[PDB]
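Q: Sharing a structure, written as structure tokens. Questions coming.
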Amino acid sequence: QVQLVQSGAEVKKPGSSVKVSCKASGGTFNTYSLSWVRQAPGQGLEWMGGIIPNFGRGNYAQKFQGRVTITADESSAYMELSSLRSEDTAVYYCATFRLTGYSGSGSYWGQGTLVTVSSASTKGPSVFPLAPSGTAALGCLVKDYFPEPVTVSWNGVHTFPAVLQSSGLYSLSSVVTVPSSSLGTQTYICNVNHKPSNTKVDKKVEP
Amino acid sequence: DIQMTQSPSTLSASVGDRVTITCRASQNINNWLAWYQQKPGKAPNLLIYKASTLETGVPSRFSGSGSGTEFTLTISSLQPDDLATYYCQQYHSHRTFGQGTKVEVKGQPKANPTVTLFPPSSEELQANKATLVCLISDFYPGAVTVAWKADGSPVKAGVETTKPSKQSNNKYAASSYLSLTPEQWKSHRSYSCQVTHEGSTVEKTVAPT
Amino acid sequence: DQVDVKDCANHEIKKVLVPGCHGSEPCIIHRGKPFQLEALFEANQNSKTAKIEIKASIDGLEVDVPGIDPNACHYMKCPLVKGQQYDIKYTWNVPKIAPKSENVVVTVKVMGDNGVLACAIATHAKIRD
Ligand SMILES: [Cl-]
């Protein structure tokens, strides 16, 4: 399948610059235009710029001209944003679109990269088990991390949006609902990935 | 610079209604107009390209039209899956996205919340902290109030509660966290998480044990 | 035949010709094939120099145009004399891998000693097999 893989989320200091990568697999950017689009939390989609890889240089929205550079070959594209300010906090996506001389949309989106512009350090979460006491409910508490995002998997599943404490740190929870009879005889571990602190933690949840 | 003016910013309608979203371009964009749908917590997905061409797999209820500077997206019969933010995008000269139209789908049946309350883990207590976790799912409409009690007395403090957020099944979830000292946890006979939705209260209680 | 272009200067370009294209009909540029263009223009100034600047876009995104000689004085007798007419012929090699597009914009600007000699925008070109 055509998949665009982007660099992981990170914390960048104000005045620093960030280089986001977008790698194509299962195909190439040949026959496609490549665009970088940002979405600040609660805000609309904004086009930063785009390129026809190997045929042209980066094209840029005048608001972003001179602070954004976009470069690209047939398998990798990059967006660099310099002089980062708090207003640059956003999910950055790479998106393809078929050239108009070909058939189909050729529309594919990366998973997106949350860039947090902040003076605060990354902080890995503590992971605690939520022991269960028709069905039983078990999960884990992913406590006091910064910035977002965290991702969760197990070994039916509900991952709740994070809460932000007055501390400025986040906490989230994931829940698996299982038959009471399977509790005595089956093992549950939750797999918490916090990329921005490079943290991966697995915790056993037993009665 | 080509500017896209999208109207309305927010649209409320019932299931089965016909909704139309308008996008105007500050200059000619020919037929180079796209429509994307962004469901909550998800990446944007293409619905229409070249003004009227449906992307593969998009339902027939979605249609696109235009007057060269004026373009419209129509949902012939609004469904709960259509709750999302819709954005027009010109691709004639560079690319410009409209401000987006949030579509709210009204008239759906009430659903009361499932409430799950977890006491502090032995492991968190080992770390000299204590968090009660109250998880709220499958409710509609997407508003709830959470009150925490200690031995029946209201707890006004150490309460952190999320805004409601849409599930993939078009009901809502939320979380409330109560931060305690381990001394407060063991020194009280019980704590309760009490969620009220449309005048119905679901109460869950835990005790150190 | 004569094709339609939009003047971005003061109507110095009198005619643009492209064999196999006509007026404002789609003008197909075939990949891997030579493309012939002729322009007739009146000099609006005496100029030692004529520098040609080509901006091209594919689906609203700028692309580099390879194989263009920037010195237009290579294809006509410079210095230009104000009010005299110059005919310039050029065959452009279309890359075999040229990006196929139904939305192509070509802007050709010729700059002289004292600013713009000539400017035209062509929007009817389509890149196909
Ligand atoms: Cl935009």
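Every number in this text was worked out from the coordinates using simple rules, so none of it is lab data. Cβ coordinates were reconstructed from backbone atoms using ideal geometry, including for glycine residues, and neighbour counts include every protein chain displayed.
Q: When N is the residue count of the protein assembly as shown, what does its C-alpha Rg come to as a fraction of 2.2 N^0.38 Å?
A: 1.25
Q: Place +1 on the Cβ of every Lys and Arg and -1 on the Cβ of every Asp and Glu in segment A:3-117, take the dipole about the Cα centre, and give the residue among A:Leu84, A:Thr71, A:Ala9 whose Cα lies farthest towards its positive end.
A: So the residue furthest toward the plus end is A:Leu84.
Q: May I ask you to evaluate 6.51 cos²θ - 1.76 cosθ + 1.60, the Karplus curve with θ = phi - 60°, for each residue of segment A:143-154 and list the ³J(HN,Hα) values in order in whole Hz, giving x for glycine and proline?
A: For segment A:143-154, the Karplus-derived couplings read 10, 6, 10, 6, x, 6, x, 10, 10, 10, 9, 10 Hz, x marking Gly and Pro.
Q: Given a cut-off of 27 Å, name the pairs among C:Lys14/C:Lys55; B:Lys50/C:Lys100; B:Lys50/B:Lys106; A:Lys204/B:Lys171; A:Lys203/B:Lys110; A:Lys200/B:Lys149 whose C-alpha atoms lie farther apart than that in the structure shown.
A: B:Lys50/B:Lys106; A:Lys204/B:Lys171; A:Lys203/B:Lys110; A:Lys200/B:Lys149
Q: Taking Cα pairs under 8 Å and at least six residues apart, what relative contact order does segment A:3-117 come out at, in percent?
A: Relative contact order of segment A:3-117: 36 percent.
Q: If you don't mind, another one. Stokes-Einstein D for segment C:51-94 at 4 °C, 1.567 mPa s, Kirkwood Rh over Cα pairs, in µm²/s?
A: Value of D from the Cα-based Kirkwood radius: 103 µm²/s.
Q: Turning to a different aspect of this structure: Per-residue ellipticity at 222 nm for the protein assembly as shown, helices alone: DSSP H runs ≥ 4 residues times -39500 (n - 2.57), over residue total, nearest 500 deg cm²/dmol?
A: Roughly -500 deg cm²/dmol at 222 nm, from the helical runs in the protein assembly as shown.
Q: Then there's this: Where the Cα atoms of chain B are projected onto their three principal axes, how long is each span, largest first, in whole Å?
A: 71, 35, 28
Q: Separate question: Quick query: amide H of C:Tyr90 versus all other amide H atoms, modeled in the peptide plane; which residues come in under 5 Å with a sequence gap of 5 or more or a different chain?
A: Long-range HN contacts for C:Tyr90: C:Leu37.
Q: A further question on this structure: Taking just the alpha-carbon atoms of chain C, what radius of gyration and Dmax come out, in angstrom?
A: 14.5, 42
Q: Please go through segment B:26-116 and write out the trypsin sites (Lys or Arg not before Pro) that DSSP classes as loop and that have at most 11 other C-beta atoms within 10 Å.
A: B:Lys110
Q: Something else about it: With only alpha-carbon pairs counted, each pair once and no self-pairs, how large is the Kirkwood hydrodynamic radius of chain A in angstroms?
A: 19.1
Q: Quick one: which residues, 5 or more positions from A:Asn191 or on another chain, have an amide H under 5 Å from its amide H? H modelled 1.01 Å from N in the peptide plane, none for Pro or chain starts.
A: Correct list: A:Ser153, A:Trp154, A:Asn155.
Q: Sticking with this structure for a sec: Rank these for me by crowding, C:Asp64, A:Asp144, going from fewest to most other beta carbons within 10 Å.
A: C:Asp64, A:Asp144
Q: If you take each beta carbon of peptide B:111-121 and count the beta carbons of other chains within 10 angstrom, what is the mean?
A: For this peptide, the per-residue mean of nearby foreign Cβ atoms is 4.
Q: Sticking with this one: Among B:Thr96, A:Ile189, C:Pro99, whose Cα projects farthest towards the positive end of the dipole of the protein assembly as shown, with charges put on the beta-carbon of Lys, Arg (+1) and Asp, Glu (-1)?
A: A:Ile189
Q: Hey, if you put +1 on the Cβ of every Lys and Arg and -1 on every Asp and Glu Cβ in the protein assembly as shown, which of C:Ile52, B:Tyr86, B:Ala150 ends up farthest toward the positive end of that dipole?
A: Looking along the dipole axis, the top candidate is B:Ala150.
Q: Taking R0 as 41 Å, what FRET efficiency do you get between C:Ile54 and A:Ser121 from their Cβ-Cβ distance, rounded to the nearest 0.05?
A: 0.25
Q: While we're on this one: HN-Hα J couplings of segment B:135-140 from phi, Karplus 6.51/-1.76/1.60, θ = phi - 60°, integer Hz, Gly and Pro as x?
A: 10, 10, 9, 6, 10, 7
Q: Mind putting a number on the dipole of the protein assembly as shown about its Cα centre? Charges go on the C-beta only, +1 for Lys and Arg and -1 for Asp and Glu, and I need it in Debye to the nearest 20.
A: My answer is approximately 360 debye.
Q: Kindly put A:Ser21, C:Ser57, A:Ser121, C:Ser24 in sequence by how many other C-beta atoms sit within 10 Å of each C-beta, fewest to most.
A: A:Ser121, C:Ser24, A:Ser21, C:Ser57
Q: Ok, one more. Sketch the reach of a paramagnetic label on B:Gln108 as a point 7 Å from Cα along Cα-to-Cβ, and name the residues of segment B:22-42 whose backbone nitrogen lies under 17 Å away.
A: Only B:38-42 pass the distance filter.
Q: Also, I was wondering about something else. Would you mind pulling out the separation of the Cα centroids of segment A:170-185 and segment A:141-156, in Å?
A: What the calculation gives is 15 Å, centre to centre.
Q: Which trypsin sites (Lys or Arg not before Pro) does segment B:131-199 hold that lie in a coil by DSSP with at most 16 other beta carbons within 10 Å?
A: Counting only loop positions with at most 16 other Cβ atoms within 10 Å, the trypsin sites (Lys or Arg not before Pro) in segment B:131-199 are B:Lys156, B:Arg189.
Q: Relative contact order of chain C, please, whole-number percent, based on alpha carbon pairs below 8 angstrom and at least 6 residues apart.
A: That works out to 35 percent.
Q: Evaluate the relative contact order of chain B (contact order divided by residue number), counting alpha-carbon pairs under 8 angstrom at least 6 apart; express in whole percent.
A: In percent, rounded to a whole number, it is 18.
Q: What is the calculated FRET efficiency for B:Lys149 to C:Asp64, with r their C-beta to C-beta distance and R₀ = 51 Å, to the nearest 0.05?
A: 0.15
Q: Please list, ordered by chain and number, the residues whose modelled amide H lies under 5 Å from the amide H of B:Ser190; skip anything fewer than 5 residues away on the same chain.
A: Distant-sequence amide H within range of B:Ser190: B:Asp151.
Q: Next question, about the same structure. Applying the Karplus parametrisation 6.51 cos²θ - 1.76 cosθ + 1.60 with θ = phi - 60° to the phi angles of segment C:71-86, what ³J(HN,Hα) value in whole Hz is obtained for each residue in order, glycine and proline being reported as x?
A: 8, 5, 4, 5, 10, 7, 8, 8, x, 5, 9, 3, x, 7, 9, 10
Q: Could you let me know the centre-to-centre spacing of segment A:58-120 and segment B:1-71, using Cα atoms, in angstrom?
A: Comparing the Cα centres of segment A:58-120 and segment B:1-71, I get a distance of 22 Å.
Q: Which value does Rg/Rh take for segment B:1-112 over its C-alpha atoms, Rh per Kirkwood?
A: Value, to two decimals: 0.98.
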